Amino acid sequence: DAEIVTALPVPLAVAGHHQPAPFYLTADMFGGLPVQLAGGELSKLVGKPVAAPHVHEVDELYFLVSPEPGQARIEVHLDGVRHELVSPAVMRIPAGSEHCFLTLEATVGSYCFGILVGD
């Protein structure tokens, strides 16, 4: 009686996002989780932002990872200031901060995961 979820990702609407965002952990899974986790592989997102600037009422972490360090790079807009992240990197977006990201560079297997931290 292991609990396994394979109906994934779960498309959920997120503010400012052009398309539904793909979630792999949602707050209601397994009786309730303190985080939600969405994101995906970046190799076909170079130059194409997934969202307009937006704000959450919870903290969000960007987790940028790739098989080899340096293989992925995103630009995070944080209240009108641009920050370049190079894999591997984790960036905290405080609740209420206006933000979005643009993929600068990405190999196959590069991911950006957004982790909403439930307070």
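What we label the rigid core is the largest C-alpha set whose atoms superpose within 1.5 Å from one form to the other. From 1 onward, residues are counted along the sequence shown.
- Take 49 to 57 and 73 to 81, fit the other structures onto the shown form by the rigid core, and average the C-alpha distances in 5 other deposited structures of this protein: the farther stretch is 49 to 57.
- Among other deposited entries of this protein with both flanking residues present, none omit coordinates for residue 21; it is modelled throughout, well short of a third.
- If you average the C-alpha B-factors over 99 to 107 and over 13 to 21, the higher value belongs to 13 to 21.
- When the Cα B-factors of 88, 34, 47, 67 are read from the PDB record, 67 comes out highest.
- Within the group 55, 93, 72, 38, the record's highest C-alpha temperature factor is found at 55.
- For residue 78, the recorded CA B-factor ranks within the highest third of the chain. Only modelled residues enter the ranking.
- In the PDB entry, a CA B factor belonging to the middle third of its chain's modelled residues is recorded for residue 116.
- Ranked against the other modelled residues of its chain, the C-alpha B-factor of residue 29 as given in the entry falls in the highest third.
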